[PDB]
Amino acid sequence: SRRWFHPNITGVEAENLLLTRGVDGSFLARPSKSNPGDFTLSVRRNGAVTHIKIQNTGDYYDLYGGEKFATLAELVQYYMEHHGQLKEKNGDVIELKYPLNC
């Protein structure tokens, strides 16, 4: 099922969608435009959206660092369930709370 995955959306559309339809903590995954094969997480937080690159090497998935997973759903679920593990440089967590359905 993977309801949080939006196959046909760009980053600017993801942004607008999270701002209109979501709450802070709402997030979604989409295909990368910047790198075909990869994915991107788009996450609403404090009324704005941050985007996070997801590496698909073919073997495994990760966030260009951090722990590696066999599938996209494993990566997303892991970061939904380990909130301290996803943080920017400044120390703020990027919280994947509420999957925004397509």
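Counting begins at 1, following the sequence as shown. Rigid core (definition): largest C-alpha set, two forms, superposition within 1.5 Å.
- The stretch that moves more in 6 other deposited structures of this protein, judged by CA deviation after a rigid core superposition and choosing between 29-37 and 42-50, is 29-37.
- Here 13-21 and 85-93 are scored by the root mean square distance of their C-alpha atoms in 6 other deposited structures of this protein, with each structure fitted by the rigid core; the higher score goes to 85-93.
- Higher mean CA temperature factor, per the PDB entry, when comparing 38-46 with 51-59: 51-59.
- In this entry, the higher average B-factor at the C-alpha atoms falls on 14-22, of the pair 14-22 and 77-85.
- In the PDB entry, a CA B factor belonging to the lowest third of its chain's modelled residues is recorded for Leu28.
- Looking at the C-alpha B-factors along this chain, the one for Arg2 belongs to the highest third.
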